[PDB]
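What follows is a single chain, given as structure tokens, in the form deposited in one PDB entry.
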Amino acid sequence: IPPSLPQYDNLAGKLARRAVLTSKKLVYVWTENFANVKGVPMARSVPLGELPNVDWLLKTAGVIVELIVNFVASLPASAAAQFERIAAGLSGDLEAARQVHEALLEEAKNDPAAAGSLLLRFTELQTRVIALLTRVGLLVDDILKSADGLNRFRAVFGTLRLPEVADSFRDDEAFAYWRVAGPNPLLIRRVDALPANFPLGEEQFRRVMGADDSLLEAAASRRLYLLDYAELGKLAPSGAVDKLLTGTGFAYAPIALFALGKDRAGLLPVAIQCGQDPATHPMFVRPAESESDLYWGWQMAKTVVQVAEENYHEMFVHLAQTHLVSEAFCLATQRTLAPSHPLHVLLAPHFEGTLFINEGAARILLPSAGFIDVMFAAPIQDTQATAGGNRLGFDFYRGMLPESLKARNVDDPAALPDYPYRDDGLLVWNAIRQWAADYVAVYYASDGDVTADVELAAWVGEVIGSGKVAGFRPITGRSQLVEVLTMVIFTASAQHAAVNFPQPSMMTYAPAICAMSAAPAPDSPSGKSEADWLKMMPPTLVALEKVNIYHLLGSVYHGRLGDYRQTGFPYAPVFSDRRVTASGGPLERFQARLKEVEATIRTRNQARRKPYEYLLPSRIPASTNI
């Protein structure tokens, strides 16, 4: 039976669907008092049907067990004894659980008619792998209870290969390239006049870029780009923050200027101010290779920027603006769009695992003494409130990719050619938009169908009200609905992938990036030494948690954008409506467009300085689930 808008449903349908929604509202419940994320709309609890499926669980547990094995194997024999039996047990039990799944799948194939009798056993296996994860939790607690000068930062990897950044992190061009191809491609903006509190002069600029260049000429020819971390607020504490587990830590809200050469061959760092106030933060100017008395001050200044970057990327770009936005849309959808509504059918796959993983963020990562309290310099209460505040301030329309690019004046490939996130992101954004347009056109023939849809009206009301999604507004027509759906889907799939999956290759090595420093910002551009820079490096506990959590979060690829097939047993099609699924129809056209996009990105990557692969559709999950 094809999905329908409520106004066109037969009365049998209208009462069935309305009672189903009444039932949903008792199961999916809003709260703004969820532990460790106060003020952010969350599910009060994760319903049984929102627990992760066995496929996700086996994949996630597999990575976690690899990490445990790797950690135990890195220890000396005396220390390993405490954990070897427990690790061998988890490993063996995971393998047994894989075999139960494989036997169940073979059993279902041998008699599909009788496959309905297996559902309690599939849920039993779900319960079992979750219980295995609870045992991991206890083991992690025990490990933490027993917790060139950079050897310790290689040691925490065990036998995992160090990422490429471990070799290249001191390079100026690599540092600049993070701004357009790194985990946070959203902050960089064109600058036309410098902020008043960033007093970089013409002479300093020419010192770096040459006597025949100038600030005026660079600005006017669209060659100046600024990173300004002012929005970090309390994520950049005033001074020292002392904590039990990690001792004394610092973080920062710096300002950095980047410039293209006249040939636009690549972005270069020009100057860094390590805080917002120039009276207390001197200007650091990119040194020449011969200026050994400026070298270490500059390394320290870049490290200040990278400290700011992990804070901004992880709390705002990753947690606040993907995970915590998709939380609200998941809830609104389940509470207000009936399962027989075509938009429920379309959107539900894009929220698979979202409630579960976000509850995990709040319960595991955000409490006092948890991962974020260790890895991020600010007091945990400030981290929670600042990340929460960023989620509440995030404007849904202004946050749309095209709008973001235009507002930052980075949307013109002629002015800023090497910006992989922009170029690949637009291909994916536009493919999703055409899909949303085709799908909306099946079910909505007029703007009247949009405004007379009482469920959609209620959905918008919940997104604005209980969901606290800033910038969201009444939906009065088909074009607008298409833009909204494009943003919801892109946010859940591609945006998350772009900022989540760089974690293993770019964020696992603490000297290249860390959300806390063990020393204040460099007090002077000149006279610094390697020892002064090493003092910024965090304690080893920070590095240990970092390598493991960031490897995990970027190693689970579950589901795929455009596949629209269940990701757990029985793996059935998401759509039944032949108007959607027909040969050459909307879904097939979307799937085909995604393959063209993939081919285009692969061609672009042959010509790029380094491949950018995070927005390859084959590497984009449909939902935010890790």
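Counting begins at 1, following the sequence as shown.
The modelled chain is continuous from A114 to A115, with every intervening residue of the deposited sequence accounted for. Averaged over Cα atoms, the B-factor as recorded in the entry is higher for 159-167 than for the other of 159-167 and 398-406.
Across the two stretches, 212-220 and 250-258, the PDB entry reports the greater mean Cα temperature factor for 212-220. Note on the listed residues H496, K546, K468, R98: the highest Cα temperature factor in the record is that of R98. Of the candidates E483, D263, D438, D228, the one whose C-alpha carries the top B factor in the deposited record is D263. The deposited CA B-factor of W429 belongs to the lowest third of values across its chain.
Among the modelled residues of its chain, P573 has a C-alpha B-factor that falls in the highest third according to the deposited record. For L144, the recorded CA B-factor ranks within the highest third of the chain. Only modelled residues enter the ranking. Annotation for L615: C-alpha temperature factor in the lowest third relative to the rest of the modelled chain, per the entry. When the modelled residues of the chain are ordered by C-alpha B-factor, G137 sits in the highest third.
Here the subject shifts to the form deposited in another entry, a form of this protein not shown in this document.
Both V208 and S45 are assigned to a single rigid part for the movement between this form and the one not shown, based on which superposition fits each C-alpha better.
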